[PDB]
């Protein structure tokens, strides 16, 4: 009996029969060796545990589909009039799991060990060997594209004074959850500590979180997790902690408030799902590794200005870039807060690190800010040409000139144009992040001429901030006419002030997936038309295979347009093996989750739509403008405009192939 003398293991007990379908039967020592939470008898997420167990035995995470056979329900029960506390069991529900032999069978082509291994053994996918399950092996899932880099070797350090870090936040009174006292005489500190710690203002059992305190403008969660065998593993062990303490902190946080919480990054899928749900509630989120960290894997996440929004569309492009660069030494980072400003001056005279030109596709000089930029930095126009909806980095002596090309509204329908405008701004943001640009001078794209005789200030500005909230840069908007400056200042003052919540429900739903409105998954638990995460493999549904294949095609053809062309081929037949041959090189075992909401129109290319088309063996397909294709024409593919679009970053978030750490 593995559960002997353990008061909170219901999560493990609940997994037991699901593990059985895969031939896995864990002993008590094995449970303890795998989960510190089990060994220390603490509450935990059965789902997170299942992901960890899958990686440990099969060397891949749950997006592989290995446990996605719908057999045994895994059901979470919140406390209610019947149940004093939340509980995990196998009672009936729409969420089910079990070992999928079909998935294992297709996997056995590259990983024969699946077919040849015995039951209940840990698989080494590379060497092809097996062993009794061990927490020290299969440390990274081979099928995952990591959102950010990991540290090669764990090194502990002596932390500096935390006061230097807390002083970077403008708030006087701070709620502090920490195991060790924090000295900040310049602050008023309420100190919450775990149970055995003397000198604290409050003590709770932090494995269970903490009940609501008063509300603060700054909450600082300093609670860490013990390193064992690997960075990825540390993220795994920390994930439930991160969610629990973050959730408790949300009860203690005022609107417009800031939450700083210690993390190791979000390397594992669960950590990323959590950080994403959490991030959806804030205007901005960044990261820092100040001098007060105790190890090289420690990373403080900074969530700024809580409005607890529902429909906010968050993508980890920015955060991935930041965290990864910090771990690789390329960046600082630290918690000073980016800001917007306006200048009525000539942009050519800007003092900001980079200046953005409002450009045209041909990269030629023209009237506008572009006149000033050409006269002062002519050689930046040597090769400036870039397509509409994109931006190109060039340098003239000591200055970065980014040529961003907005849409001409006379030449495009309003929805498609809007998408292009947003994309130009996102590209500016991509460059700012990639080059760690500290300040940027930028005009309002498509408001001068390309505006087509109408006033685009509000919408151009909205695209600007939508994109540039996703950087760490200080932004200076240069403009035009005193009246336009008046209006921009007004909009910015409105935006910077968050005095109240947009919703009062503070739960962090890390499972929820945001789906297209015409999806047949509408109404199903775990999916929503109005909110949730923007990427999924749809494992556990019939769209999983379609999702995996789209993902792989994107791995084989990193260029968005070449990728979508091959996807068109795939919709029409040609299967996968053929496309893999069409690719010159070694395949990566890993991919990234396809976006679930590329557009709102009827042609949106979801794993769902791909599956419906391919299962109907259509002789032709229609593709909208939100699924970019090569400029030439493709047989049996009709190109049409997208009538309703989405404004978040369309690119695959940057990643590190897990294979690197394997």
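Numbering follows the first chain given and starts at 1.
Colleague: Should the higher mean CA B-factor in the entry be assigned to 340-348 or to 111-119?
Modeller: Higher of the two, by average CA B-factor, is 340-348.
Colleague: On average, are the C-alpha B-factors higher in 570-578 or in 218-226?
Modeller: It is 570-578.
Colleague: If you compare 310, 144, 533, 77, which has the highest Cα B-factor in the entry?
Modeller: By C-alpha B-factor in the record, 310 ranks first.
Colleague: Just to confirm, going by the entry's C-alpha B-factors, which of 42, 632, 595, 56 comes out highest?
Modeller: Highest CA B-factor of the listed options: 632.
Colleague: Could you tell me which third, lowest, middle or highest, the C-alpha B-factor of residue 269 occupies within its chain?
Modeller: According to the entry, residue 269 has a C-alpha B-factor in the chain's lowest third.
Colleague: Lowest, middle or highest third: which one holds residue 353 when the chain's residues are ordered by CA B-factor from the entry?
Modeller: Tercile = middle for this residue's CA B-factor.
Colleague: Taking the C-alpha B-factors as the PDB entry records them, is residue 640 in the lowest, middle or highest third of its chain?
Modeller: Ranked within chain, residue 640 CA B lands in the highest tercile.
Colleague: Looking at the entry's B-factor column for C-alpha atoms only, identify whether residue 558 ranks in the lowest, middle or highest third of its chain.
Modeller: Its C-alpha B-factor belongs to the lowest third of this chain's values.
Colleague: Among all modelled residues of this chain, ranked by Cα B factor, put residue 606 in the bottom, middle or top third, i.e. lowest, middle or highest.
Modeller: Ranked within chain, residue 606 CA B lands in the middle tercile.
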